[PDB]
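*Asks:* Just need the structure, nothing else, for what follows:
(6 chains, ligands or ions: 2)
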Amino acid sequence: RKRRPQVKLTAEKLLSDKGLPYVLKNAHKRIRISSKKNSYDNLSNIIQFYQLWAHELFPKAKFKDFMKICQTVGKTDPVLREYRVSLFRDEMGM
Amino acid sequence: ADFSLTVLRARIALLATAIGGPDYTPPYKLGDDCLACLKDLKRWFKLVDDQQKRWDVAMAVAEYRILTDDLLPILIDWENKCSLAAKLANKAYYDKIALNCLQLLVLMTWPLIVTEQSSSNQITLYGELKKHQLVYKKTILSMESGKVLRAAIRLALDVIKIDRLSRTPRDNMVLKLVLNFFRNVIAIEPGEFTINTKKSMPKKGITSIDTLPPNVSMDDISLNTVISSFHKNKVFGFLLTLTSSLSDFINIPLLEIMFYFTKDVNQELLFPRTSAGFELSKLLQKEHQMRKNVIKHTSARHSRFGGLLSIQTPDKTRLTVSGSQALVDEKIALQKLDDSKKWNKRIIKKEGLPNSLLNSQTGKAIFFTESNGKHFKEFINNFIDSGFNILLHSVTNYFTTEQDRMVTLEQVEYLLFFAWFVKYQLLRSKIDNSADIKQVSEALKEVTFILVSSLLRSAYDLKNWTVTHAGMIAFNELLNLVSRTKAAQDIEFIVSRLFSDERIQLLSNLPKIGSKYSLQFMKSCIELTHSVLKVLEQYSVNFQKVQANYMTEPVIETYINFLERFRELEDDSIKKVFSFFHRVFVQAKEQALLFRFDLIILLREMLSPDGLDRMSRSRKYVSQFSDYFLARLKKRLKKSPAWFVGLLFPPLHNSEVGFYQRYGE
Amino acid sequence: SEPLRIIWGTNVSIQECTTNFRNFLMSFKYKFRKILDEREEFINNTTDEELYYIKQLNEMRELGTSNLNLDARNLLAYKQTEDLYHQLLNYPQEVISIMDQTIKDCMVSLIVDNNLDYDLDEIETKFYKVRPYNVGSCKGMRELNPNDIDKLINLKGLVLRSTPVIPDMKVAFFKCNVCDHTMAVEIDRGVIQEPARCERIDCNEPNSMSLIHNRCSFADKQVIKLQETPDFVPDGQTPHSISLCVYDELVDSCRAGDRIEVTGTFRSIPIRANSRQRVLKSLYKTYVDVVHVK
Amino acid sequence: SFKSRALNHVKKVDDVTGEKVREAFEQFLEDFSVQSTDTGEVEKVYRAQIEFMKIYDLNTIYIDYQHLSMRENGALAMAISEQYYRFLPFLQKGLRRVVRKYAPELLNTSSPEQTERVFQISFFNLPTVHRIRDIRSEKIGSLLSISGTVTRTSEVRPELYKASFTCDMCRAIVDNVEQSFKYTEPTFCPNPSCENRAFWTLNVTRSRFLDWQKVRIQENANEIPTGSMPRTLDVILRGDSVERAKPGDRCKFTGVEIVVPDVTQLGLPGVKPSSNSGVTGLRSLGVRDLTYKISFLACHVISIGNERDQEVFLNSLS
DNA sequence: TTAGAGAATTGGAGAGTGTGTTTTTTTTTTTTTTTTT
DNA sequence: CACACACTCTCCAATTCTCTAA
Ligand SMILES: [Zn+2]
Ligand SMILES: [Zn+2]
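*Replies:* Numbers count the residues shown, from 1 in each chain, chains lettered A, B, ... in the order given. Ligands and ions are numbered 1, 2, ... in the order given. Below is the structure in question.
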């Protein structure tokens, strides 16, 4: 009957288990900065982790595109706001 | 209807052959009744194009070549008939037909515009009639090498010879006619292409934009030929005497001319700051360095050689990428894995006026010949030293009265003329020391500051951006002038005091909207803001409070979006941006305001070997900034691990968490 | 942690492949070949003690020449590298692409780490190549079969003829019809990875981007038809022949009627049933893609 | 009323190198000065050639490559040599400005209106000569000289050089439509009232045709290294350079090496594709392959292999 | 001033229509011209 | 004939624009 609805980023995907919680678990281990490298290699070490994780969550879209989409969703969704403030409230509590 | 069109063409073609001919005894002879044929053709232009808004007569007079085969030869012979007599020092009859030939030249050369109020027939013919106007410009500039421009100045001399007081209005009209003729011959400019979009694109785009007639080159129409024909026909000497003799009727046509042939010259070519072979060599070494980077990204064997990589990733799973270059370079592999994605997010992207510094590309430059470049710079230097000061003083009065009547075209050709001349004359007085700055001292006078500021304010309030853009340009130049005269040394303080509350809020709002508009708009906002902050810093209401008015996410957004275009920016504009990021990082300690991901990608894309040139002065301070940025980012992340998500998203406004996010207790 | 790079289908690590081959491409004394075959009575100080590939590379730099010949048996002669010989026979296209780049890394290390005074861009601009030879036992052209697809093979034959040289595109060059902007677009498996839209975000027009053939960049391809050598034929019938594609610097190595020995990867490709469709014949055209000729 | 998009030519990107070549070539053509004939003297030989052209109304300019080679450390001759096909529109646009300066009578074909004149820039006297066997795709778009012997010459035929069309749907006119290797009609009508993208007719009065000839040449029978088969090349001659050679003759040609597409696969108006592997994945090909010949496009031709009146002969001799 | 609800325009799914495709080509007889028979 | 490609037509929903109250 219909055309298939478009797959699109939303908190029900972006908040889900391999998702922001996967970043909070793995990134502090996998992303390493030093003045012993040039700035361009440090930037590449940051960007690798997020590029592979963005490919795992939403393989449809390029990395710059995924960033523009995350900006619009974090600006609009109240549940995503509630999750982010909840993370900061934990660090303030400690 | 079509019978009416073919009868109109037949009637005008029979009038066109009635004017005269080569005589063949070749020396062009006036037809008997030529004056009546010229007056009848003027009647045809009026009684059709005014009365019915058609453009059909103005179209078909080009078909039968009336301008290039009758009006031009008639004016050029009459010029010779008066030049010879002046060197010897019914001519009262031939005056009337020379005047009426100039009248028809001005009508045929009049600028074309299309609007909501435009006729269904005018919008049909518009794109075509621009081609005939291009042929008219080529023919006017090249037919006996601008002897017709010499005939035009002669018809002006005929009324300059009788006194400023003892003249009649029917002669001041002739002055305005001759000035309008020159502004037209200048401002014939190649047309826009236009497509109907009711029907979607085929599998190729618009395969040619080339809006030129079959025997016109782009160079036959360029300012090089304009400057050449003006210098050879002593036009500049006429304009210079005219703009000095102002001690009201004509000031606005005269400003229009100075706008129409200063508009697209970026001034910096007028100042260099085997030489052309050395210049060619340096550019070939930059293209060689770029091709060296492309060669370092290219296959060392053929296209079909077929090597295939698998990338293991966390969750102990595979991707695959083709090509020998990807096997060895992990960064190329991941770049290729993103390049192949068949999705793109849909982008969003953005009037009767000429193409100008508002609209032309940031990289655009007009290539003067060496004699043309000296003939131009000497003309404008004489004009600045003679007449700019009195001309600006006159038109700023005429438009401080009468503001509400200025339709957008007058408003631009005033604002841009003011900005371009003040920028050129600041730059001349930078390199030359015998240039006075104070020669343009009129620009800082209170009446002109008030006009420029009022005009920008009303354009912003009425949301007329083309005028706000022109306002922002002129205000940026007035600020450059103020800063220069302050460094040289009370009129500075009067203007500097005059913006303390409301213009501050306006100029702070300008970059917040900037991210919605063209590269030229963002460029102007950034140049203005750099100049403002440099002024307010030098003067110290409260620098910390006023800059905190600028330190907000929407401004950082338009700065990132201007910096995304960097491959087509110049080192000056990149140095302005990174000075502002240095100001935000060091002077404010705002640093969380910049940690968003868009900046991190953009630093990598320009710090890359494929990005900025390694020998560029521009790369050196980007590399320095990046080292400080990554140090503060590492510190922030080690102290607060949540910043990995906070860096991915825009900032929060729930009060306690929003403060903690921004500053780390 | 590190996203490991693996030759597809193999469980072979490209880092281990590279970091072995580098440590063969220097430290290999020719002494080790005269241990491999023995003849070990014959060992001569002047040749055999010299670092063989160091001398080869210093010659390449000074001659300004881009191609290193490599007798594959040297890989077996050196303890660390015996398994790389087996990888070179089994996975040629990737293993040769690793060796090609390792040469270029070595050429740079041999001047910058050695801090010797020479022009760097003169080396950075070159496409270096390995040309492996002596790869294994030669075999009859008639003894080829589909078990051999995508492997190095060693053939002997008589050249029947060469085509005139064929331009094979390596970089497509595109221009925006609306805005005059231009792009170098990388060719990949013979497909042009065409852009959908103008790359200038100030333009971004779809479909208006177009190809300019004489501003593209090309490799040299040549077909040689090679006949089976009369020593190898079964005497009941005619010799066979095989087409071979010779590439880049190897184009016009051979005259017609040369006897040659070739090392190449044995290839198969599908071919179109009809030139207007992607319908393919179920049995594939085969050729050798040569990497050395003697 | 319409829905329409205006589309403005001023926002086109400029080739900064192309324009720096135009200026260096413009300065060379006027100033070059040097002469040794009769005595040590200044002549401005390319201005002297333009003033010669002004008399006869000839539409070609010959340029000695050694004059470019010595000018301004030879960076101009290096750029023109290595990237000739990129720079040629800039060379022609540079020459037009110099001809406009010193002989504006030539600037048209020179009553009805007389057209734009097209100028064949004819480089000659290169430092080095290549054989047909020395040709390699690495030199595409670069200025060579080639030595060979002619086996055949085609008819002299007209190329459609700049096309002009009228829209059958609205009767508008499109002009200056540049032609690639295929025939090419406009994709969009210039009238914003018109939804047309096809259905075009050529105006044969307003469109402009170059003269053109294919000549087939081969490697010289004394040069072939072992008496093997003679390798051949297709050379294209245009403008004044047509019929300047003959079969069995020995010639030196100079011009660009070019890649010619196999145009049937490129979707040519009203023709079927024909039936070695090409390249694919392009809007105009869809599923097809595009394949390529090497050809040469010669700007200058010279052979290396009765007017019985004293009134002509005694003026023919020096 | 932020943020959320309602209105307009664009993208592309996918349905629909229309076109081209097999394909060969040496062999065997008859003739008319050069030259080597 | 029938089955792929080339190309146009049409509808539907997805995204962004614009206005209002919290
Ligand atoms: Zn573009
Ligand atoms: Zn039409």
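*Asks:* List the contacts of the closest residue to chain A within the stretch 351-500 of chain B.
*Replies:* Closest approach between the stretch 351-500 of chain B and chain A, counting by Cβ to the nearest Cβ: residue B:362, at 22.2 Å. Heads up, the C-betas are built off the backbone N, CA and C, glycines and all. Neighbouring residues of residue B:362 by Cβ atoms under 8 Å, 6 or more residues apart in numbering or on different chains: B:519, B:520, B:523, B:568, B:569, B:570.
*Asks:* which element is it on?
*Replies:* Under the criterion of DSSP states H and E, residue B:362 resides outside all helices and strands.
*Asks:* and the gap between it and residue C:202?
*Replies:* To residue C:202, residue B:362 is 9 Å away according to Cβ to Cβ, to the nearest Å.
*Asks:* what do these two both touch?
*Replies:* Listed as contacting both residue B:362 and residue C:202 by Cβ under 8 Å, 6+ apart are B:519, B:568.
*Asks:* For the residue of the stretch 351-500 of chain B closest to chain A, give its distance to ligand 1.
*Replies:* 15 Å (Cβ to the ion, to the nearest Å).
*Asks:* wait, what's in contact with the closest residue to ligand 1 within the stretch 1-150 of chain C?
*Replies:* For the stretch 1-150 of chain C and ligand 1, the shortest gap (Cβ to the ion) falls at residue C:125, measuring 29.7 Å. Residues near residue C:125 by Cβ under 8 Å, 6+ apart: B:292, B:295.
*Asks:* Give the closest residue to residue B:598 in space, chain neighbours not counted.
*Replies:* Leaving aside its sequence neighbours, residue B:598 sits nearest to residue B:560 (Cβ to Cβ, 6 or more residues apart in numbering or on different chains; 5.1 Å).
*Asks:* how far does the strand or helix carrying the one you found sit from the chain's center?
*Replies:* Counting by DSSP H and E, the element that carries residue B:560 is helix B:553-564. In terms of Cα atoms, centre = their mean, to the nearest Å, the centre of helix B:553-564 is set 23 Å apart from its chain centre.
*Asks:* which helices and strands does it pack with?
*Replies:* If you count contacts as 3 or more Cβ pairs under 8 Å, 6 or more residues apart in numbering or on different chains; DSSP states H and E, helix B:553-564 packs onto helix B:502-514, helix B:519-538, helix B:571-582, helix B:597-607.
*Asks:* what does the first one contact?
*Replies:* Put plainly, it is helix B:502-514. By Cβ under 8 Å, 6+ apart, the residues outside helix B:502-514 that reach it are B:453, B:456-457, B:460, B:468, B:472, B:475, B:499, B:521-522, B:525-526, B:528-529, B:532, B:546, B:549-550, B:552, B:554-555, B:558-559, B:562.
*Asks:* can you do 6 Å?
*Replies:* The contact list for helix B:502-514 (Cβ atoms under 6 Å, 6 or more residues apart in numbering or on different chains) reads B:522, B:525, B:529, B:549, B:550, B:554, B:555, B:558.
*Asks:* Tabulate the CA atom coordinates of stretch B:579-588 in PDB.
*Replies:* Extracted in PDB, the C-alpha atoms of stretch B:579-588 (Å, rounded to 0.1, in the frame of the first residue of the first chain):
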ATOM      1  CA  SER B 579      41.600  36.700  15.800                       C
ATOM      2  CA  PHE B 580      38.000  36.500  17.000                       C
ATOM      3  CA  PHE B 581      38.400  32.900  18.200                       C
ATOM      4  CA  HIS B 582      41.600  33.900  20.000                       C
ATOM      5  CA  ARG B 583      39.600  36.700  21.600                       C
ATOM      6  CA  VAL B 584      36.900  34.300  22.700                       C
ATOM      7  CA  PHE B 585      39.400  31.700  24.100                       C
ATOM      8  CA  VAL B 586      42.000  33.800  25.800                       C
ATOM      9  CA  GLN B 587      40.200  37.100  26.700                       C
ATOM     10  CA  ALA B 588      36.800  35.700  27.700                       C
END
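*Asks:* Sort out which residues of it are buried, please.
*Replies:* Buried residues in stretch B:579-588, counted by 16 or more other Cβ atoms under 10 Å in any protein chain shown: B:580, B:581, B:583, B:584, B:585.
*Asks:* just stretch C:54-62 next, same as before
*Replies:* Of the residues in stretch C:54-62, those with enough neighbours to count as buried (16+ other Cβ under 10 Å) are C:54, C:57, C:58, C:60, C:61.
*Asks:* give the contact list for the closest residue to chain B within the stretch 1-150 of chain C.
*Replies:* Residue of the stretch 1-150 of chain C nearest chain B, by Cβ to the nearest Cβ: residue C:97 (3.8 Å). Residue C:97 sits next to B:307, B:324, B:327 when contact means Cβ under 6 Å, 6+ apart.
*Asks:* would it count as being in a strand?
*Replies:* No: applying DSSP: H, G, I helix; E, B strand; the rest coil, one finds residue C:97 to be helix, outside a strand.
*Asks:* nearest residue to it other than its sequence neighbours?
*Replies:* With sequence-adjacent residues excluded and distances taken as Cβ to Cβ, 6+ apart, residue C:97 is closest to residue B:324, at 3.8 Å.
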